[PDB]
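To start, the structure under review is shown below, and the notes come after it.
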Ligand SMILES: [Cl-]
Ligand SMILES: [Cl-]
């Protein structure tokens with residue numbers, strides 16, 4: 010029987026965005042992955058706690074829209090490693114902050130290279146279109 | 012303790028969050044209809060378009076973590092949505117796709133309705149550029 014294609018993925022925005030994001034995150038992980046035996050979600054928790062000390066795992070999942078189970082798993086692993094600490106409320110430990118301060122600079126550098134293929138105007142345009150999708154596009158989906 | 016990564020204005024983060032929110036809203040369609048998880052749906056859509064694909068082939072195409080795809084395939088096999105190294109949708113899996121895809125399409129159209137034909141084109145053009153020239157510039 011014929012198998013009708015109903016979603017042409019390669020030209021489907023949600024797919025295109027998820028794939029690109031996966032590749033970007035994968036590239037950034039080359040900076041800390043093997044060096045610290047750290048997973049992508051674990052690094053994300055670290056960056057979040059640096060900006061928002063005292064956040065709960067629930068809030069981390071909320072703001073990033075990440076799977077709650079994945080977030081809880083990352084938090085559990087970071088706690089076992091002593092990179093974050095509780096008071105519930107979570108925060109970076111001095112050991113986690115040392116990792117953060119060592120990795121962050123390198124990640125910023127890589128992001129700079131990524132965006133260097135865009136002119137100032139193009140960069141502004143992208144951020145503008147992204148903001149529009151987030152603010153006015155998302156609520157129209159339900 | 013200085014903030015070295017200003018996430019709120021960090022493109023990789025902004026893109027990741029938006030993508031996750033778009034996927035989460037789409038996930039309600041099949042989450043409600045079949046109690047299915049995001050990775051599972053993605054696998055279904057890939058196998059629907061490319062029958063015979065292996066777990067490894069799915070991962071390379073989507074850039075998803077190999078372990079997440081493997082576990083998704085395990086769940087789908089257990090539930091009878093796909094069947095056997106070459107994977108293919110079962111009649112049940114085909115029905116999930118045919119039922120869900122149209123609704124996902126309509127939801128995506130509502131999402132993109134905020135743009136005009138030209139704005140949508142522009143967005144696709146910048147995303148393309150980021151993927152073609154931006155990625156190799158990173159590493
Ligand atoms: Cl989808
Ligand atoms: Cl990051």
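Protein chains in written order, with the entry's author numbering: chain B, 10 to 96, 105 to 159; chain A, 12 to 95, 105 to 159.
Here a beta-carbon is modelled for each residue, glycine too, at the ideal position from N, C-alpha and C.
Asked: Distance cut-off 6 Å: residue 122 of chain A Cβ against heavy atoms of ligand 1; Found: no
Asked: Which of helix, strand or coil DSSP assigns to residue 108 of chain B; Found: strand
Asked: Local conformation of residue 95 of chain A per DSSP, three classes; Found: coil
Asked: Of the listed residues A:76, A:41, A:19, A:37, nearest to residue 155 of chain B (C-alpha basis); Found: A:37
Asked: Unbroken alpha helix (DSSP H) run spanning residue 158 of chain A, endpoints; Found: 155-158
Asked: Proximity of residue 134 of chain A and residue 148 of chain B at Cβ, strictly below 7 Å; Found: no
Asked: Residue 145 of chain B, buried or exposed, once every other Cβ within 10 Å from all chains shown has been counted against 16; Found: exposed
Asked: Under 7 Å by beta carbon: chain B residues contacting residue 30 of chain A; Found: 26, 27, 30
Asked: Straight-line Cα distance separating residue 70 of chain A from residue 121 of chain B; Found: 27 Å
Asked: Proximity below 7 Å, CB of residue 84 of chain B to CB of residue 66 of chain B; Found: yes
Asked: Contact set between the segment 120-140 of chain A and chain B, restricted to residues whose Cβ is under 9 Å from the partner; Found: 120, 121, 122, 124, 125, 127, 128, 130, 131, 132, 133, 134, 135, 139, 140
Asked: Where residue 63 of chain A falls: helix, strand or coil (DSSP); Found: coil
Asked: Cβ neighbours of residue 103 of chain A in the same chain (closer than 7 Å, five flanking residues each side left out); Found: Any question about the placement of residue 103 of chain A has no answer from these coordinates, since chain A jumps from 95 to 105.
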